[PDB]
C-alpha cells in the first residue's frame, strides 16, 4: 500500500452512466472531470457531460445523475471549460444547479436548471484556434471565460434567455499566456500568467482591477536561491498563509538536468507584495525531457493545514507549504499501475479527492 | 569634423563605501494613500547649468541628475572638477 | 542581509570588513549542512560548492535589479553624455577608431565610411 495514507473509495457506488463511461472508455480516450467544491462531479466523456451529486449517502432517493448533450466542436470537450452554479451557493438537488459549458473556439451553452436537460440557451465569444481556456463559476450566477492569451470575459445569463458578456477591466488579453485562474471567497478572481498575477474584485455584474504583480521580477531570485534558469508558473491556489503558486524551474546545463517543482507562498495584503516569500522545494523532481511535457497541477483541500497535493496523470505527491509545522508526511502516491490514471482531483468537505481511471472517486486520508 | 561615430560606456564607479550620505528629506503633502494606484516604471533625468561651459564660471562642469521610483526622488549634484 | 535572516543595521562596512563578513556567513552555513562526523572529503567539497553557489545566485538577483536602464542626459554646450542606470551613472566617452572597428558587429562593419579610417 502507501506508507502514511489510506487511499480508498470516497462516497457511495457511482451512477450507472458514470460506470458505463469508465468501463467502456479505452486508454486512447481522454476523459476529464470537474470535481466541484459544492459536492457535484462533472465527467466530460466523448460528446456528453455526465453530472452527478457526489453521493456521501448511499440512499437512492437522494441520487442525482443527469446527462447533458454538449455543443458540437472539432476539438475535445474539456471539464476545465465546464462549470456549475448553485442558487445562493447552496447545493440542494437538481433545481438549485445551473450549468455552463464552453468550447475552445468560444461556443457557449447554458442550462438554467440541470433538472431541465433539453432546456438551454446558447451564445458565442471568440478565440484563436489552439486556445486552452477555463470556465469558472463566479458570484451573481455568472461565469468568467478565460483565454490562453488571458482575455477574460464575464458571462451573465439574463432572465430573457440572453447571455450578456463583457471583457474584464485591463483583461483584453493582449508574454500574457495564461496558466491558471482562481476564484476566491467574497469576490476575488485571480489570473496567473507566464509573467504575472492579476487580481479583480467582483460584484454580481462588474469587476474592478485590483493589481498586476510582476512575480517573475519578485520571486525569481527566491526560487533560484532555494534550489541552486528557466522558471514556469503553473498553478495558483490559496490557503491561510495566502496565495500558493506552483512553479517549475530548471537549468539546461545541469550535468543531470532535473525539473524542480516548488511551492511558493506569498501574502495577498492590499495591492502590493510583502518582503516575506517562502519557497518550498518538493520531492517531485523528474528528469527534464521537454517543456511541453512539464505538466503538474495543484490541489489544496484544507485551507489551514499547510498541505498541498501535486498531481500529474500517474501520481500524486503529498507536499508541504509554508513553515511545514502542521504539514502531513511528504509522500508520493502512485496511480500509474495497470492502465490506471489520475483523471482529475479536487476536494469534498476539505478531504483530498482523486478521480482515478481504475477505482473512481478516492480520498487520501492520513493514517 | 572628427565624426565621433561610436561611444563606450565608462562606469563612473561609485566606490565610496559612503553611500553619498543621502540627505533623506520626507515631504508630507496633505494627500491620502491610493491603494492599487498605477505602478509607474522607474525613471531618471538630468540638468546642466548656464555658463557650465565657461572656464571662469562658478557652474563650470557642474550638473544635476536624479532617479525617481515610486514615491522617492534621489537628486545629485556632480562636479567633475 | 537576507542569508542572515536578521534586521541588523548595516554599518557602512569597509570592503575588507564586508569580505570577512561574507566568509564567516557562508562558512557557518557549510558547518550547518555537515550533519555526520564521518563526511568523506568528496561529499565535503560538494557541500562547500552548493553553499557558495547559493550565495552567489542571491547576489546575482540583486545586481540584476540594480542594473535596471533609466534614461539619457546630454549637455547642450559641453556635449557631455551620461547613461542614467538604476544603480549607477555611466559616462559615454568617444571610442578610438581601433576599438570601434574591433567591437562593431560584422554586419555594420561593411558600411563604415572608409574616408574616416584613412585618406
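Some values worked out for this structure:
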| item | result |
| --- | --- |
| For peptides C:19-30, C:97-108, A:141-152, A:351-362, sequence by mean Cβ density within 10 Å, most packed first | A:141-152, A:351-362, C:19-30, C:97-108 |
| Two-decimal Rg/Rh across chain B, once Rg and the Kirkwood Rh are taken from alpha-carbon atoms | 1.08 |
| Within region A:75-111: backbone nitrogen closer than 20 Å to the residue A:203 label point (7 Å, Cα to C-beta) | A:88-89 |
| Calculated SAXS-style log₁₀ I(q)/I(0) at q = 0.16, 0.17, 0.19, 0.25 Å⁻¹ - region A:119-206, Debye, Cα scatterers | -0.61, -0.68, -0.84, -1.35 |
| Mean Cα-pair separation over length for region C:4-119, i.e. relative contact order, pairs under 8 Å, 6 or more apart, % | 12 percent |
| Whole-percent pair-distance distribution, where bins are 10 Å wide, for the alpha carbons of region C:1-88 | 13, 30, 26, 17, 9, 4, 1, 0 |
| Calculated FRET efficiency for the pair residue B:6/residue A:88, C-beta based, R₀ 60 Å, to 0.05 | 0.30 |
| Two-site label geometry, residue C:119 and residue A:295: point separation in nm, points 7 Å out along Cα→Cβ | 7.4 nm |
| Residues A:166, C:4, A:154 arranged by fewest to most Cβ contacts within 10 Å | C:4, A:166, A:154 |
| Overall Cα dimensions of region A:118-169 - principal axes, largest extent first, Å | 31, 25, 15 |
| Kirkwood hydrodynamic radius of the protein assembly as shown, from inverse mean 1/r over distinct Cα pairs, in Å | 28.3 Å |
| For residues of B:4-17, the mean tally of beta carbons on other chains within 10 Å | 6 |
| Expected 222 nm ellipticity per residue - DSSP helices of 4 or more, -39500 (n - 2.57), all of chain A, to 500 | -2000 deg cm²/dmol |
| Ordering of A:41-54, A:321-334 by burial proxy (mean other Cβ atoms within 10 Å per residue, highest first) | A:41-54, A:321-334 |
| Principal axis dimensions, region A:224-338 - Cα atoms, whole angstrom, descending | 40, 34, 22 |
| Chain C - mean residue ellipticity at 222 nm from DSSP helices (-39,500 (n - 2.57) per run, n ≥ 4, rounded to 500) | -15500 deg cm²/dmol |
| Within region A:4-18, backbone nitrogen closer than 16 Å to the virtual label 7 Å beyond the Cα of residue A:337 toward Cβ | A:4-9 |
| Sites residue C:53 and residue A:59 - FRET efficiency at Förster radius 41 Å, r taken between beta-carbons, to 0.05 | 0.10 |
| Cα centroid separation - region C:86-119 against region A:1-31, whole Å | 69 Å |
| Residues residue A:326 and residue A:117, FRET efficiency given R0 of 41 Å [Cβ-Cβ distance, rounded to 0.05] | 0.40 |
| Averaged over C:55-61, number of beta-carbon atoms from partner chains that fall within 10 Å | 4 |
| Exercise: per-residue mean of other protein chain Cβ atoms within 10 Å, A:175-187 | 0 |
| Cα pair distances in region A:54-115, grouped into 5 Å bins until the bin that holds the longest one, percent each | 4, 15, 25, 20, 17, 11, 6, 2, 0 |
| Listed peptides A:212-224, A:307-319 by packing density, highest first (mean Cβ within 10 Å) | A:307-319, A:212-224 |
| Inter-part distance where region C:1-50 and region A:173-244 are each reduced to a Cα centre, Å | 34 Å |
| Alpha-carbon centroids, region B:12-49 and region A:99-167: separation in whole Å | 47 Å |
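Backbone-built Cβ (ideal geometry, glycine too); neighbour counts: all protein chains shown. Computed from the coordinates by the stated procedures, all read-outs in this text should not be read as laboratory data.
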